[PDB]
């Protein structure tokens, strides 16, 4: 039984999006690579290096033309003709465009590839841009977060494999099962918000009773995601607000990495 091929290219990444896979349980990373897919190129795990791994990529791009899923993490830096990310002596944008030509589906994993993310913030030193921006002719599936829950990615891959098409997407090309609703429109602390029950500082009486974090800068009111329902790490009860810290808006362009932690959201 042959497994569906995947090619994974890292651009201006911190590797958090690959690391998310090492927390996954359905599938675990070992079951992913031995049973679910054939991971044909991934520089963090590959036995081969250098000219041998670049051979592997070229061979896979030919053997599996029209069939592989291409995944990119990190932003793509356009300033100064691509030199802020060079792999095997060539700009990463050239590697990415060449791999995109033969892809069956293309996924931007993480906020950096989906919309520029932290690497494009402030003054944007390297002219970092999104995967969609470098591939204007293609439909890029965006799976934002810094990093997303790995199952936001894995269940998107599984829909493609099992049912032969991508999951349903919103108008930013994000899968609706994971990004279809504002966090604040499905947050267990909404009753406290509604009653005016707000933590004012970490460690205060209301904070120590699990009250709403809006006045600490929670960006839940303006961030799409599944952080309050799917949550993180599959142990139960684990997401930033449940732990006691406001949402920072890491999924959402113009929110995470732009607004201050303690800056208030706009409430709609």
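Positions refer to the first chain, counted from 1.
- If you average the C-alpha B-factors over 179 to 187 and over 132 to 140, the higher value belongs to 132 to 140.
- Comparing 53 to 61 with 239 to 247, the higher mean C-alpha B-factor in the PDB entry belongs to 53 to 61.
- The PDB entry gives the largest Cα B-factor of the residues 36, 231, 223, 28 to 36.
- Listed residues 116, 148, 102, 125 were ranked by CA B-factor as deposited; 102 comes out on top.
- The entry lists a Cα temperature factor for residue 77 that places it in the middle third of the chain's modelled residues.
- In this PDB entry, the Cα temperature factor of residue 98 sits in the top third of its chain's modelled residues, the highest group.
- Ranked by Cα temperature factor within the chain, residue 174 sits in the lowest third according to the deposited record.
- Among all modelled residues in its chain, residue 23 ranks in the lowest third by Cα B-factor.
- Sort the modelled residues of the chain by CA B factor and residue 161 lands in the highest third.
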